[PDB]
């Protein structure tokens, strides 16, 4: 909805320079809560301080800022990521639900004033729309 797009842009726009920190936290939350997700990263250091998890967190978070900026046009904007996640990596669509949940948990923990019920709803819809695109092929 138009109100969903407004709520996502407002909430996500207040991530700012913490993008990499939050992406890395979300990944860590996922790897500890749902350990089957670790098999997609067989050659990563997944220990708590990892430079590799922080670098990867930044990429994930920056792809989400790009999805925010192209909300109306996501199949086209995330095209190469759909290639990667669906055609090359073959990621089970369950895992997108799992990361989406860990992203919301991360935003709830860091931006409590922003994470109202309406914003939670909007963010949840947005992350599901990003996940269909990424698994769509």
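Numbering follows the first chain given and starts at 1. Take the two forms, find the largest set of C-alpha atoms that superpose within 1.5 Å, and that set is the rigid core.
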Problem - Larger mean CA deviation from the shown form in 6 other deposited structures of this protein [core fit; 24-32 vs 83-91] - result: 83-91
Handout entry: Higher-scoring stretch by recorded Cα B factor average, 4-12 or 126-134
Key = 4-12
Practice task
Identify the stretch, either 56-64 or 103-111, whose C-alpha atoms have the larger mean B-factor according to the entry.
Solution key: 56-64
Practice task
From the list 38, 29, 87, 48, select the residue with the highest C-alpha B factor recorded in the entry.
Solution key: 87
Exercise for the section: Would you mind ranking residue 81 by its C-alpha B-factor against the rest of the chain and naming the third, lowest, middle or highest? Expected result: highest
Exercise for the section: Within this chain's modelled residues, let me know which third the CA B factor of residue 17 belongs to: lowest, middle or highest. Expected result: highest
Exercise for the section: Comparing against every modelled residue in the chain, figure out the third that the C-alpha B-factor of residue 42 lands in (lowest, middle or highest). Expected result: middle
Completion exercise
Of the three thirds of Cα B-factor ranks in this chain, residue 71 occupies the highest
